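Have a look at the structure below, then the notes.
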Amino acid sequence: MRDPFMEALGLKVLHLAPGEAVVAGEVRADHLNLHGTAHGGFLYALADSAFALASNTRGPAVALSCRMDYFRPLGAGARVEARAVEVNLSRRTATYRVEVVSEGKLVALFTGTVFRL
Amino acid sequence: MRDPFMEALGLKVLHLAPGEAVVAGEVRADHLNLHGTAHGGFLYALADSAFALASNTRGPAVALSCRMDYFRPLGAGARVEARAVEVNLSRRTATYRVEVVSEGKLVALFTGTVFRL
Amino acid sequence: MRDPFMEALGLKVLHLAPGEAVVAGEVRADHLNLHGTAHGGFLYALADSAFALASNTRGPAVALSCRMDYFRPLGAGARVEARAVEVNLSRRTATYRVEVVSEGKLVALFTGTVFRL
Amino acid sequence: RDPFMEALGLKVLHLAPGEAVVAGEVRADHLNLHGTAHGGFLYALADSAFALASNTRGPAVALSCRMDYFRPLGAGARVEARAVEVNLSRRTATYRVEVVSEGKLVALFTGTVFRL
Ligand SMILES: [Cl-]
C-alpha cells in the first residue's frame with residue numbers, strides 16, 4: 001500500500017522481505033533544521049518507516065517504544081538508507097534494529113519495539 | 001523561528017523561553033501512514049522540534065539520544081501540541097522531556113539528551 | 001513487599017499506591033564502581049524496582065523496554081530514592097516515569113514500559 | 001576491581017579495545033518476586049561490560065542507556081554480556097551490549113557515554 005507520509009518525504013522502499021526492510025531517501029531543502037543539516041525528525045522518520053514495514057511482514061502491530069541515537073549530521077543532497085533487521089520476535093512483541101546509513105557511514109542507530117495485535 | 005522541516009509539516013512555534021518550548025500542529029492527510037493514522041514519524045518530528053528549540057535556548061546543542069513512547073493513535077484533523085521542559089542541565093549536556101498532547105490526552109512521551117557545544 | 005535482589009541491595013519500600021511507588025536505599029561500599037561512585041547498575045536496580053512495584057499494582061506484567069538517563073554521580077553514604085509514577089495505562093501496556101532523587105537533586109531519570117499479562 | 005561487580009559475582013572474560021565480555025550466574029539473591037532474574041541484575045551485567053568497554057577509550061561517564069528484555073532467566077542460569085562499540089566520536093561513544101544465555105539473546109542494551 002501507499003504511505004502518504006513516506007511519499008511526502010520522498011522515501012522509497014528498496015527492499016522488503018519477512019522481518020526486514022530497506023527504505024531510502026534524499027535530504028531535500030524541506031528536510032533541514034535551522035543549522036542546515038537533516039532534521040532529527042527526517043532521519044527518525046526514515047528509520048521508523050523501515051521499522052514499520054519490517055514488523056508488518058509479521059502481522060499487524062503498533063509501535064510502543066523507539067530510541068534514536070544520532071552519530072553524524074547529513075547535509076542537503078545526501079542520500080540515506082534505513083536498514084531494518086529483526087532482533088527479537090515473540091508472540092506479543094517484536095524488536096528491530098535499524099541502521100541509518102549514508103555513503104558507507106553509520107549516521108544513526110534506531111531501536112524499536114512493537115506490540116503484536 | 002521554525003526550520004524548513006517544521007514548515008513542511010505545518011508545525012508552529014507557540015512559545016519559547018529558557019529551557020522550554022511549545023510547538024503545535026495538526027494531523028493532515030500527508031501525515032498519515034498506510035493504516036490511516038498519524039505516522040510515528042510525524043509525532044516524533046513534532047516532539048523533536050520542541051526538544052531542539054528548547055535545548056538551543058541554552059546555547060548551540062546537538063542531539064545525542066532520544067526515546068519516543070507511543071500511547072494513543074491520532075487521525076486526520078487532530079490538533080496536537082508538543083511541550084518541552086528541561087529535566088537536567090549540565091555544562092556539557094542537557095535532557096528534556098517532551099509531552100505530546102491532544103485534546104487533554106497524553107499521546108506520546110519523548111525524552112531527549114543533547115551535547116552542548 | 002520487598003524483592004530478594006532489593007533485599008541484597010538493602011533497598012526498602014517506603015510507599016506503594018495505585019500506579020505508584022517509592023523505594024529507598026543508601027549507597028554502600030559494595031555498590032561502588034572502580035572509580036568510587038555509585039555503580040550505574042545500582043541506581044538502575046533501584047529505579048527498576050520502584051518501576052516493577054508500581055506497575056504490579058495494576059496486575060501482573062513483564063517489563064519490555066527501559067531507559068536510564070544519568071545526571072549526577074553519588075558517593076558512599078548517599079541516601080537515595082526512586083519515585084515511580086504512572087504516565088500511561090492501557091489495556092495491554094503501561095509506562096512509568098521514575099525519578100531517582102538524593103537530597104532534593106534529580107540524580108537520574110528512568111522510563112519503563114511493560115506488557116500487562 | 002569493581003566492588004559492585006564483585007558483590008554480584010560478575011567476571012570479566014574478555015577485555016580489548018572498545019569491547020568487553022562479562023559473565024555471571026543468576027543466584028537466589030538476584031531474583032524478583034516472580035522468581036526470575038531481576039531486571040536490575042541483567043542490566044548491571046550489561047552495564048558492567050558497557051563501562052569496561054567504553055573506558056578503554058578513556059575516562060567516560062554514562063549518559064543514556066536502553067535495556068530491552070526478551071526472555072526471562074531462572075536461578076542458576078549462566079549469562080554473558082558482550083559489549084561492542086557502535087560509534088566513537090571525539091566527545092561521545094555508543095555501545096551495543098548483548099545479554100546471552102545458552103545461545104539465546106536474553107536482552108539487548110544500548111548505551112552512550114560522554115568522554116571526559
Ligand atoms: Cl531509549
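Residue names in the C-alpha cells use chain letters A, B, ... in the order shown, residue numbers from 1 in each chain, and ligand numbers from 1 in the order shown.
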**Request:** Excluding residue 16 (chain A) and any residue of its chain fewer than 2 positions from it, enumerate the residues within 10 Å of it, using only C-alpha atoms, and give them as a VMD selection string.
**Result:** chain A and resid 13 to 14 18 to 23 50 53 to 54 57 84
Residues just named, written with N, CA, C and O atoms as a compact mmCIF listing (two decimals), in the first residue's frame:
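Result went into again.txt, see below:
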```
# COMPACT_ATOMS: atom_id res chain seq x y z
N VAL A 13 10.99 2.40 -1.01
CA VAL A 13 11.22 1.08 -0.45
C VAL A 13 12.13 0.32 -1.42
O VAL A 13 11.70 -0.04 -2.52
N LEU A 14 13.38 0.09 -1.03
CA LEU A 14 14.33 -0.63 -1.87
C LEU A 14 14.28 -2.14 -1.68
O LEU A 14 14.57 -2.91 -2.59
N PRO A 18 10.41 -10.91 4.68
CA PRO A 18 9.98 -11.27 6.03
C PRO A 18 10.94 -10.82 7.13
O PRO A 18 12.09 -11.27 7.18
N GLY A 19 10.46 -9.92 8.00
CA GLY A 19 11.26 -9.42 9.10
C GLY A 19 12.34 -8.38 8.80
O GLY A 19 13.12 -8.02 9.69
N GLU A 20 12.39 -7.89 7.57
CA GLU A 20 13.40 -6.90 7.20
C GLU A 20 12.93 -5.94 6.13
O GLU A 20 11.96 -6.20 5.41
N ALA A 21 13.62 -4.81 6.02
CA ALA A 21 13.25 -3.81 5.03
C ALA A 21 14.33 -2.75 4.89
O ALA A 21 15.11 -2.51 5.82
N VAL A 22 14.37 -2.12 3.72
CA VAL A 22 15.32 -1.05 3.48
C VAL A 22 14.57 0.08 2.79
O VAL A 22 13.98 -0.10 1.73
N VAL A 23 14.58 1.24 3.42
CA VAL A 23 13.92 2.42 2.89
C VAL A 23 15.01 3.44 2.60
O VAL A 23 15.98 3.57 3.35
N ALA A 50 11.14 2.07 7.93
CA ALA A 50 11.69 0.73 7.66
C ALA A 50 11.21 -0.20 8.77
O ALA A 50 10.76 -1.33 8.52
N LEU A 53 7.52 -1.23 8.21
CA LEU A 53 7.33 -2.21 7.15
C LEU A 53 7.86 -3.58 7.53
O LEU A 53 7.21 -4.60 7.30
N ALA A 54 9.05 -3.61 8.12
CA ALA A 54 9.62 -4.89 8.53
C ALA A 54 8.71 -5.61 9.54
O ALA A 54 8.46 -6.81 9.40
N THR A 57 5.48 -7.29 8.20
CA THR A 57 5.61 -8.56 7.49
C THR A 57 5.21 -9.70 8.43
O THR A 57 4.86 -10.79 7.98
N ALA A 84 16.37 -2.09 8.26
CA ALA A 84 15.74 -2.73 9.40
C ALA A 84 15.93 -4.25 9.45
O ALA A 84 15.69 -4.95 8.46
```
Within 8 Å of chain D: each chain C residue with its shortest pair, only C-alpha atoms, as a Markdown table:
```
| residue | atom | partner | partner_atom | distance |
| --- | --- | --- | --- | --- |
| C:3 | CA | D:32 | CA | 5.6 |
| C:4 | CA | D:29 | CA | 5.2 |
| C:5 | CA | D:30 | CA | 4.6 |
| C:7 | CA | D:29 | CA | 7.8 |
| C:8 | CA | D:29 | CA | 6.0 |
| C:29 | CA | D:3 | CA | 7.2 |
| C:30 | CA | D:3 | CA | 5.0 |
| C:31 | CA | D:4 | CA | 4.8 |
| C:32 | CA | D:4 | CA | 5.6 |
| C:33 | CA | D:2 | CA | 4.9 |
| C:34 | CA | D:2 | CA | 4.7 |
| C:39 | CA | D:4 | CA | 6.7 |
| C:40 | CA | D:47 | CA | 6.9 |
| C:41 | CA | D:44 | CA | 4.2 |
| C:42 | CA | D:44 | CA | 7.2 |
| C:44 | CA | D:40 | CA | 6.2 |
| C:45 | CA | D:40 | CA | 4.1 |
| C:46 | CA | D:40 | CA | 7.7 |
| C:48 | CA | D:40 | CA | 6.2 |
| C:49 | CA | D:40 | CA | 7.6 |
| C:63 | CA | D:69 | CA | 6.7 |
| C:64 | CA | D:69 | CA | 5.2 |
| C:65 | CA | D:68 | CA | 4.5 |
| C:66 | CA | D:67 | CA | 5.3 |
| C:67 | CA | D:66 | CA | 4.5 |
| C:68 | CA | D:65 | CA | 5.2 |
| C:69 | CA | D:64 | CA | 4.5 |
| C:70 | CA | D:63 | CA | 5.2 |
| C:71 | CA | D:63 | CA | 7.2 |
```
**Message:** What parts of region 35-68 of chain C does DSSP call helix (DSSP H, G or I)? I'd like the answer as a VMD selection string.
**Reply:** chain C and resid 40 to 56
**Message:** List as a PyMOL selection string the protein and nucleic acid residues near residue 105 (chain D), meaning an atom at most 9 Å away when only C-alpha atoms are counted, but skip any in the same chain fewer than 5 places from it.
**Reply:** (chain A and resi 87-88) or (chain D and resi 70-71+98-100)
**Message:** Would you pick out the contacts of region 9-19 of chain D at 10 Å or less, using only C-alpha atoms, so that residues sharing its chain but fewer than 6 positions from it are not included, and give the list as a PyMOL selection string?
**Reply:** chain D and resi 2-3+25-27+44-45+48-57+79-88+93+95-97
Could you save those same residues with N, CA, C and O atoms as a short mmCIF file (atom, residue, chain, number, x, y, z; two decimals), in the first residue's frame?
```cif
data_model
loop_
_atom_site.label_atom_id
_atom_site.label_comp_id
_atom_site.auth_asym_id
_atom_site.auth_seq_id
_atom_site.Cartn_x
_atom_site.Cartn_y
_atom_site.Cartn_z
N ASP D 2 36.09 -4.09 40.79
CA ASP D 2 34.83 -3.34 40.88
C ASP D 2 33.98 -3.95 42.00
O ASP D 2 33.44 -5.04 41.86
N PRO D 3 33.85 -3.23 43.12
CA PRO D 3 33.07 -3.68 44.27
C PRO D 3 31.67 -4.21 43.94
O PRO D 3 31.27 -5.28 44.41
N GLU D 25 26.24 -15.57 37.05
CA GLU D 25 25.27 -16.64 37.23
C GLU D 25 24.14 -16.10 38.09
O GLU D 25 24.38 -15.42 39.09
N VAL D 26 22.90 -16.38 37.69
CA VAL D 26 21.75 -15.91 38.46
C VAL D 26 21.67 -16.68 39.77
O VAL D 26 21.43 -17.89 39.77
N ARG D 27 21.89 -15.99 40.89
CA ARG D 27 21.82 -16.60 42.21
C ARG D 27 20.46 -16.29 42.83
O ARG D 27 19.68 -15.52 42.26
N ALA D 44 22.72 -4.70 35.28
CA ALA D 44 24.04 -4.50 35.90
C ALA D 44 25.12 -5.27 35.14
O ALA D 44 26.25 -4.80 35.00
N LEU D 45 24.76 -6.45 34.64
CA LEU D 45 25.69 -7.27 33.87
C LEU D 45 26.06 -6.52 32.58
O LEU D 45 27.24 -6.32 32.29
N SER D 48 27.99 -3.29 33.16
CA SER D 48 29.38 -3.56 33.53
C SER D 48 30.24 -3.74 32.28
O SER D 48 31.33 -3.19 32.20
N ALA D 49 29.75 -4.51 31.32
CA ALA D 49 30.51 -4.73 30.08
C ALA D 49 30.64 -3.38 29.37
O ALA D 49 31.71 -3.01 28.87
N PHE D 50 29.53 -2.66 29.32
CA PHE D 50 29.45 -1.34 28.70
C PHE D 50 30.51 -0.42 29.29
O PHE D 50 31.31 0.17 28.57
N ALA D 51 30.55 -0.33 30.62
CA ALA D 51 31.52 0.53 31.29
C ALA D 51 32.97 0.15 30.97
O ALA D 51 33.79 1.02 30.63
N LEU D 52 33.29 -1.14 31.08
CA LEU D 52 34.64 -1.62 30.80
C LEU D 52 35.04 -1.34 29.36
O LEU D 52 36.16 -0.92 29.09
N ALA D 53 34.11 -1.59 28.45
CA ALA D 53 34.37 -1.37 27.04
C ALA D 53 34.63 0.10 26.73
O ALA D 53 35.61 0.44 26.07
N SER D 54 33.77 0.98 27.23
CA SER D 54 33.94 2.40 26.96
C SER D 54 35.19 3.00 27.60
O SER D 54 35.84 3.85 27.00
N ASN D 55 35.54 2.55 28.80
CA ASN D 55 36.71 3.10 29.47
C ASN D 55 38.05 2.74 28.84
O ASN D 55 39.09 3.25 29.25
N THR D 56 38.03 1.87 27.84
CA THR D 56 39.27 1.51 27.16
C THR D 56 39.63 2.67 26.23
O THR D 56 40.78 2.79 25.78
N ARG D 57 38.65 3.52 25.95
CA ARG D 57 38.85 4.68 25.08
C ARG D 57 39.22 5.92 25.90
O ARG D 57 39.55 6.95 25.33
N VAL D 79 24.89 -16.42 32.32
CA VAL D 79 24.65 -15.35 31.38
C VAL D 79 25.89 -14.52 31.10
O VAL D 79 26.76 -14.36 31.96
N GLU D 80 25.96 -14.00 29.88
CA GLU D 80 27.07 -13.18 29.42
C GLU D 80 26.60 -11.85 28.83
O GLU D 80 25.53 -11.77 28.24
N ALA D 81 27.42 -10.82 28.99
CA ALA D 81 27.13 -9.52 28.43
C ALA D 81 28.29 -9.20 27.49
O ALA D 81 29.43 -9.05 27.93
N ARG D 82 28.00 -9.14 26.19
CA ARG D 82 29.03 -8.86 25.18
C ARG D 82 28.90 -7.45 24.63
O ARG D 82 27.94 -7.14 23.92
N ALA D 83 29.87 -6.60 24.95
CA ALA D 83 29.87 -5.21 24.51
C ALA D 83 30.75 -4.89 23.29
O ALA D 83 31.93 -5.23 23.26
N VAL D 84 30.15 -4.24 22.30
CA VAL D 84 30.86 -3.83 21.09
C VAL D 84 30.58 -2.35 20.83
O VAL D 84 29.48 -1.86 21.09
N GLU D 85 31.58 -1.66 20.31
CA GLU D 85 31.48 -0.24 20.01
C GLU D 85 30.74 -0.03 18.69
O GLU D 85 31.13 -0.58 17.66
N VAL D 86 29.67 0.76 18.72
CA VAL D 86 28.88 1.04 17.53
C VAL D 86 29.26 2.38 16.94
O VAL D 86 29.13 2.61 15.75
N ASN D 87 29.74 3.28 17.79
CA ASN D 87 30.16 4.60 17.34
C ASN D 87 31.11 5.26 18.30
O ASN D 87 30.95 5.18 19.51
N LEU D 88 32.11 5.93 17.74
CA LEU D 88 33.09 6.61 18.56
C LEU D 88 33.35 7.99 17.95
O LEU D 88 33.75 8.10 16.79
N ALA D 93 30.52 8.26 22.77
CA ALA D 93 30.69 6.92 22.23
C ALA D 93 29.44 6.12 22.57
O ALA D 93 28.83 6.33 23.63
N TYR D 95 27.66 2.08 22.57
CA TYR D 95 27.94 0.65 22.55
C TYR D 95 26.69 -0.21 22.57
O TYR D 95 25.68 0.16 23.18
N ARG D 96 26.75 -1.35 21.88
CA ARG D 96 25.66 -2.30 21.88
C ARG D 96 26.11 -3.45 22.77
O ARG D 96 27.22 -3.97 22.60
N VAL D 97 25.28 -3.83 23.72
CA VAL D 97 25.64 -4.93 24.61
C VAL D 97 24.59 -6.02 24.53
O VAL D 97 23.42 -5.78 24.83
#
```
**Message:** Restricting the calculation to only C-alpha atoms: of A:74, A:43, A:117, A:85, which residue gets closest to chain C?
**Reply:**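 Among A:74, A:43, A:117, A:85, it is A:117 that comes nearest to chain C.
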Members of chain C assigned strand (DSSP E or B) by DSSP, as a short mmCIF file (atom, residue, chain, number, x, y, z; two decimals) with N, CA and C atoms, in the first residue's frame:
```cif
data_model
loop_
_atom_site.label_atom_id
_atom_site.label_comp_id
_atom_site.auth_asym_id
_atom_site.auth_seq_id
_atom_site.Cartn_x
_atom_site.Cartn_y
_atom_site.Cartn_z
N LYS C 12 14.53 -0.61 50.39
CA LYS C 12 13.29 -0.76 51.14
C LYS C 12 12.12 -0.03 50.49
N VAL C 13 10.92 -0.58 50.66
CA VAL C 13 9.70 0.02 50.12
C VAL C 13 9.20 1.08 51.10
N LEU C 14 9.19 2.34 50.67
CA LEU C 14 8.71 3.42 51.53
C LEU C 14 7.26 3.74 51.24
N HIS C 15 6.82 3.44 50.02
CA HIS C 15 5.46 3.78 49.65
C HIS C 15 4.97 3.01 48.44
N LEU C 16 3.68 2.68 48.46
CA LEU C 16 3.07 1.97 47.36
C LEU C 16 1.62 2.43 47.32
N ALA C 17 1.10 2.63 46.12
CA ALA C 17 -0.28 3.07 45.93
C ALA C 17 -0.63 2.76 44.48
N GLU C 20 1.70 3.85 41.59
CA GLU C 20 2.92 4.50 42.06
C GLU C 20 3.72 3.74 43.11
N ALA C 21 4.96 4.16 43.32
CA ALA C 21 5.82 3.50 44.30
C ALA C 21 7.07 4.30 44.61
N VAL C 22 7.57 4.12 45.83
CA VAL C 22 8.80 4.78 46.25
C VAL C 22 9.69 3.76 46.94
N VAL C 23 10.92 3.66 46.45
CA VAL C 23 11.89 2.73 47.03
C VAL C 23 13.07 3.56 47.48
N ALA C 24 13.60 3.22 48.65
CA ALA C 24 14.73 3.95 49.20
C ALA C 24 15.90 3.04 49.51
N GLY C 25 17.09 3.63 49.49
CA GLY C 25 18.29 2.89 49.77
C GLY C 25 19.43 3.83 50.09
N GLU C 26 20.59 3.26 50.40
CA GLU C 26 21.76 4.06 50.72
C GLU C 26 22.92 3.46 49.94
N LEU C 32 29.63 0.62 44.89
CA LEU C 32 30.53 1.48 44.14
C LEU C 32 31.24 0.77 43.00
N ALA C 38 28.67 5.51 42.96
CA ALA C 38 27.62 4.51 42.84
C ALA C 38 27.61 3.94 41.43
N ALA C 61 2.64 -8.16 35.24
CA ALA C 61 3.14 -7.61 33.99
C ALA C 61 4.61 -7.91 33.84
N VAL C 62 5.10 -7.79 32.61
CA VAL C 62 6.51 -8.03 32.35
C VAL C 62 7.09 -6.83 31.61
N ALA C 63 8.24 -6.37 32.10
CA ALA C 63 8.93 -5.23 31.52
C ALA C 63 9.37 -5.52 30.09
N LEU C 64 9.26 -4.52 29.23
CA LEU C 64 9.68 -4.66 27.84
C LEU C 64 10.91 -3.78 27.58
N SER C 65 10.74 -2.47 27.74
CA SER C 65 11.83 -1.54 27.48
C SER C 65 12.01 -0.47 28.54
N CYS C 66 13.26 -0.22 28.93
CA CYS C 66 13.54 0.79 29.93
C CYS C 66 14.70 1.68 29.50
N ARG C 67 14.62 2.95 29.88
CA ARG C 67 15.66 3.92 29.58
C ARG C 67 16.12 4.53 30.90
N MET C 68 17.42 4.74 31.01
CA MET C 68 18.01 5.32 32.20
C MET C 68 18.92 6.49 31.79
N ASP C 69 18.61 7.69 32.27
CA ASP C 69 19.42 8.85 31.96
C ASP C 69 20.10 9.28 33.25
N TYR C 70 21.43 9.27 33.25
CA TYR C 70 22.23 9.63 34.43
C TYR C 70 22.59 11.10 34.42
N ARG C 79 21.92 8.98 50.64
CA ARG C 79 20.58 8.43 50.80
C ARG C 79 19.91 8.71 49.46
N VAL C 80 19.30 7.69 48.86
CA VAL C 80 18.67 7.90 47.58
C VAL C 80 17.28 7.28 47.50
N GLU C 81 16.44 7.86 46.65
CA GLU C 81 15.08 7.39 46.45
C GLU C 81 14.71 7.29 44.98
N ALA C 82 13.86 6.32 44.65
CA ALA C 82 13.35 6.15 43.29
C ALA C 82 11.84 6.34 43.45
N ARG C 83 11.30 7.32 42.75
CA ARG C 83 9.87 7.63 42.83
C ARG C 83 9.20 7.36 41.49
N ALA C 84 8.36 6.33 41.46
CA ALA C 84 7.66 5.93 40.26
C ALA C 84 6.22 6.40 40.18
N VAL C 85 5.88 7.01 39.05
CA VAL C 85 4.52 7.47 38.79
C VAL C 85 4.09 6.90 37.43
N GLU C 86 2.79 6.66 37.27
CA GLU C 86 2.25 6.12 36.04
C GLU C 86 2.06 7.25 35.03
N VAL C 87 2.52 7.02 33.81
CA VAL C 87 2.44 8.02 32.74
C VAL C 87 1.35 7.63 31.75
N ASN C 88 1.18 6.33 31.56
CA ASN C 88 0.15 5.83 30.66
C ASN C 88 -0.26 4.45 31.08
N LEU C 89 -1.57 4.20 31.04
CA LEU C 89 -2.11 2.91 31.39
C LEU C 89 -3.09 2.52 30.30
N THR C 93 -0.69 -2.47 27.90
CA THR C 93 0.62 -1.94 28.27
C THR C 93 0.50 -0.76 29.22
N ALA C 94 1.61 -0.43 29.86
CA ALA C 94 1.66 0.70 30.78
C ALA C 94 3.08 1.22 30.78
N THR C 95 3.21 2.51 31.02
CA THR C 95 4.51 3.15 31.03
C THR C 95 4.66 3.95 32.32
N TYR C 96 5.87 3.98 32.86
CA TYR C 96 6.12 4.70 34.11
C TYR C 96 7.36 5.55 34.05
N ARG C 97 7.34 6.64 34.81
CA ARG C 97 8.49 7.54 34.93
C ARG C 97 9.02 7.31 36.35
N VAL C 98 10.33 7.20 36.49
CA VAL C 98 10.89 7.01 37.82
C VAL C 98 12.00 8.01 38.04
N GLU C 99 11.83 8.88 39.02
CA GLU C 99 12.87 9.86 39.32
C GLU C 99 13.74 9.34 40.44
N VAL C 100 15.05 9.39 40.24
CA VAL C 100 15.99 8.95 41.26
C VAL C 100 16.45 10.24 41.90
N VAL C 101 16.13 10.39 43.18
CA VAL C 101 16.45 11.61 43.93
C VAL C 101 17.33 11.38 45.15
N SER C 102 18.21 12.33 45.40
CA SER C 102 19.10 12.27 46.54
C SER C 102 19.29 13.69 47.05
N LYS C 105 18.06 16.54 44.84
CA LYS C 105 18.62 16.65 43.50
C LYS C 105 18.17 15.47 42.63
N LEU C 106 17.85 15.74 41.37
CA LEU C 106 17.45 14.68 40.45
C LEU C 106 18.76 14.02 39.98
N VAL C 107 19.01 12.81 40.45
CA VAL C 107 20.23 12.06 40.12
C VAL C 107 20.15 11.36 38.77
N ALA C 108 18.97 10.83 38.47
CA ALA C 108 18.74 10.12 37.23
C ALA C 108 17.26 10.09 36.92
N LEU C 109 16.94 9.85 35.65
CA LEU C 109 15.56 9.75 35.20
C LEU C 109 15.42 8.44 34.44
N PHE C 110 14.42 7.66 34.84
CA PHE C 110 14.16 6.35 34.26
C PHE C 110 12.77 6.32 33.65
N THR C 111 12.64 5.63 32.53
CA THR C 111 11.35 5.47 31.86
C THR C 111 11.22 3.98 31.58
N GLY C 112 10.07 3.39 31.89
CA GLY C 112 9.92 1.97 31.63
C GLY C 112 8.54 1.62 31.14
N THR C 113 8.46 0.65 30.24
CA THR C 113 7.19 0.21 29.68
C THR C 113 7.02 -1.30 29.89
N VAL C 114 5.80 -1.72 30.23
CA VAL C 114 5.52 -3.12 30.47
C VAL C 114 4.39 -3.64 29.60
N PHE C 115 4.33 -4.96 29.50
CA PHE C 115 3.26 -5.64 28.79
C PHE C 115 2.43 -6.23 29.94
N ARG C 116 1.14 -5.93 29.96
CA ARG C 116 0.28 -6.43 31.03
C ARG C 116 -0.25 -7.83 30.70
#
```
